[PDB]
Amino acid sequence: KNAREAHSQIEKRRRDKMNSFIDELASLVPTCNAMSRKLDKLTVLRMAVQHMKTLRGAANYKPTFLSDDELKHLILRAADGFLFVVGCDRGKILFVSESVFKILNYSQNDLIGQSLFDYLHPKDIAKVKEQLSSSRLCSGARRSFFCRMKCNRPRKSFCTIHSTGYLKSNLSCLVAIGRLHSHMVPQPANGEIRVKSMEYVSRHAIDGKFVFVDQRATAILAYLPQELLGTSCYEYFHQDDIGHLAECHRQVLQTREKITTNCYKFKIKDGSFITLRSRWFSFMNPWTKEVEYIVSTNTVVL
């Protein structure tokens, strides 16, 4: 009716305005906008409410007062290195963050789809392969290792990258973060404040040959483990220290007590020397009554 008319025009105008709002809203929502199929108004509204939850919504692994977006920015601002996902089967790089270009000087496009092994130092392909062999991120799924990866523009065609990640699954893959660590030690500990010193553990056969070295050793001495293993500790000691050290060696074989060496110089990979101090003991296997190895805790000295 004529009377009801003006009112039903207010109704149609409010309805059209509302629908246009829902369409705009939908275009702003990633989830909604993506879908090719048209969405129902109530569903666009539900999805928009959930997205809005991730932005301002609404403690397990994050404080209750932070939204998901807040947590994301908080983490990315602190981020370093690059994330990569490699297929365990064939070693194919299924993904890599653009930050990789900063590290290796390769872009995402360069790497995605390639075989990870084409970008490793040949002497590392095997070790990394061992890492990909498979066994809410569980301790057993964790992988962590150094290797040398090819840098685009070069003696500097490789850089030592440490990767920390977990094996993940229809396809099994490694999701990891690779970081390029700075070797040298700036901010040498101040006098006022007792700071924890850097250390690494090595184990040695009776005659001094490296039979084990821990991951921290690559960080400190720049050698990869396979480079030290099977070689004699005496190859690395500075000649002025060889005498003293051999004397501690001979002594440590004669006792079950810990022996602490004097400071000494150790030749790292670039041929320079750092200063270490080691605490040694000959561990005896109580089942065999035989010395299993000399266990050495090596502390970097300022």
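All residue numbers refer to positions in the sequence shown, first residue = 1.
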According to the PDB record, deposited residues with no modelled atoms between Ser135 and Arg136 number 10 or more
For the neighbouring pair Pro154 and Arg155, the stretch of deposited sequence with no coordinates amounts to 10 or more
Per the PDB entry, mean CA B-factor is higher for 88-96 or 141-149, namely for 88-96
As the entry reports it, the stretch among 25-33 and 271-279 with higher mean C-alpha B factor is 25-33
For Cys233, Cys263, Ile242, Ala58, the deposited C-alpha B-factor is largest at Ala58
For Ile220, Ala79, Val185, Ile125, the deposited C-alpha B-factor is largest at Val185
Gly113: CA B-factor among chain residues, third -> middle
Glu247: CA B-factor among chain residues, third -> lowest
So, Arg46's CA B-factor, relative to its chain, sits in which third? The highest
Temperature factor at the Cα of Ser197, chain-ranked in thirds, falls in the middle
So, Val295's CA B-factor, relative to its chain, sits in which third? The lowest
